[PDB]
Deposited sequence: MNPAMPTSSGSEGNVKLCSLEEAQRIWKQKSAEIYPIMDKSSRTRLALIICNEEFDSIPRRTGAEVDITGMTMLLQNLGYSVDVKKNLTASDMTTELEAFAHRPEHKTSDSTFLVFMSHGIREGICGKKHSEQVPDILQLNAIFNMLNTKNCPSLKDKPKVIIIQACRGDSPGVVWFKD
C-alpha cells in the first residue's frame, strides 16, 4: 500500500501554537502509545473484500509513523470483537499514553459492523454504542481526559447516496 511518510512538524512551528485548549503530549523517551486494527476479509455468506490487505499496509505504517504501537486482528465475529475491545482497554500500557486510535474495516448496515458469521437470517451485528460504552471512563479508567479517535470503513446501507439535478 501507501508508504506512510508523514511531513514532520518543526520546533519553530511547535512553540508557535502555545495554549490551555490543546491536549497534553507525553515525552517520546517514556510514552507507550497503542493503536488497534480489526479487519474482516473472508466471509461465509456475503462476498470477500478483495484488496483489503492494501488498506492494512497503509494504516499500519501511517499510525507507526505517528509513534503508535500497532496490533492487527483479522477475521473476527461480533462476540470475538467484543472480547478484543475489552482486552485492549484492560492493557496497562494506556497509563503512560496520551492518545489512542482504533480502525474497523468490514461490512455494515444502519445498525452497525458485521462479523464473519453474519447472514440475513442469523445476524452478527456490533453497534457503535457498544464500542463507546467499552471505551468510556467507567470501563476504561486509564484513558481519562485523553483523545480517543475511531475510524470506520464499512457500508451504512444499500442506497447509492445520490440524487439528480437540473
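- Note: segments 1-9, 28-30, 179 of the deposited sequence have no C-alpha coordinates in the structure.
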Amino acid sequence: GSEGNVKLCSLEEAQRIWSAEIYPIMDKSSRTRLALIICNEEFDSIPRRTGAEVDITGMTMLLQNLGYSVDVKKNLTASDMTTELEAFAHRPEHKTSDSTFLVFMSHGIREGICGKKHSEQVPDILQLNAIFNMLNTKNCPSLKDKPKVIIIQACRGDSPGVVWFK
From here on, numbers count along this sequence of modelled residues.
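- As the entry records it, the average C-alpha temperature factor is higher for 47-55, out of 31-39 and 47-55.
- Comparing 139-147 with 5-13, the stretch with the higher mean C-alpha B-factor in the PDB entry is 5-13.
- Within the selection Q121, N65, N133, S69, the deposited Cα B-factor values reach their highest point at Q121.
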